[PDB]
Ligand SMILES: [Ca+2]
């Protein structure tokens, strides 16, 4: 009939239903398995179900395709929650947005993506939020140091990329970094990609147990903020109260 474009959304609300929407890469025969779980403590046992890394010291390669789109002349928002319930030592917690040309059964560390975004932890020296744009054959990393969350709780990560070559990074629905694409990377069409068609979780973990949930790819900042409050905002207080109840035990 005669609104925000929701290019991709995943909340894992239909039990085993997610297996049809996500594809495991067969590039290697030893990739780790994601399992559906809400972990040992949660805000809501059912709502907080997400994809959890289940095997230590493994590479992960799982991806979801969606009807392809271009962000040309549009704002692009990529958002998701990451919960390092295990008290992570070293491991990725970022997503990669690929063009539709990706063969999902062959996705691996070298697969050509458009944008990579999210937290990476590797001991005390790396607690950072990556913001990477693939530009003219190179993966260009942000020149700002954005500290990521390293506790056991669910955190919302949001990247906003605007058609005026500006961006914003939010953690828990609050701005943590912003600036211009020309200023914050060493590169007017910089922001735009002809095609996005796959969101991938392509990463390494030593201590596994991270849970990913509430993925959203949209062209509207205000909608991503509302969805953020409907997901992460609903989890927050009750999840903390449950862990506090358990810590005392
Ligand atoms: Ca969920």
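Going from the start of the chain as shown, residues are counted 1 onward.
The deposited model was determined using X-ray crystallography, 1.6 Å.
Every residue, even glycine, has its Cβ placed from backbone N, Cα and C.
As written in Swiss-Prot, here are the features:
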type     : residues              : note
BINDING  : 11, 47, 49, 213       : Ca(2+) binding site
BINDING  : 94, 96, 113, 120, 202 : alpha-D-glucoside binding site
DISULFID : 90-122                : disulfide bond
CARBOHYD : 229                   : N-linked glycosylation site
MOD_RES  : 33                    : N6-acetyllysine
MOD_RES  : 49                    : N6-(2-hydroxyisobutyryl)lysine
MOD_RES  : 144                   : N6-acetyllysine
REGION   : 3-182                 : region 'N-domain'
REPEAT   : 176-187               : repeat '1-1'
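Taking the C-alpha positions, the distance from residue 47 (Ca(2+) binding site) to residue 90 (disulfide bond) comes to 27 Å. Residue 113 (alpha-D-glucoside binding site) falls outside any helix or strand according to DSSP and counts as coil. Here the deposited model leaves out 4 residues, and the two residues on either side, residue 2 and residue 3, have Cα atoms 9 Å apart. The alpha-D-glucoside site is defined by 94, 96, 113, 120, 202, and by the 8 Å test on Cβ atoms against their centroid, the other residues of the chain that qualify are 92, 95, 116, 117, 118, 130, 132, 200, 201, 203. For the residue listed as 'N-linked glycosylation site', the same-chain residues that are 6 or more apart in sequence and have a Cβ closer than 8 Å to its Cβ are 173. Residue 11 (Ca(2+) binding site) sits 18 Å from residue 33 (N6-acetyllysine), taking the CA atoms of both as reference points. Closeness to ligand 1 is met by 11, these being the binding-site residues among 11, 96, 120 whose Cβ falls under 6 Å from the molecule. Unbuilt region (6 residues) between residue 187 and residue 188. Cα separation across the gap: 11 Å. The CA atom of residue 94 (alpha-D-glucoside binding site) is located 12 Å away from the CA atom of residue 213 (Ca(2+) binding site).
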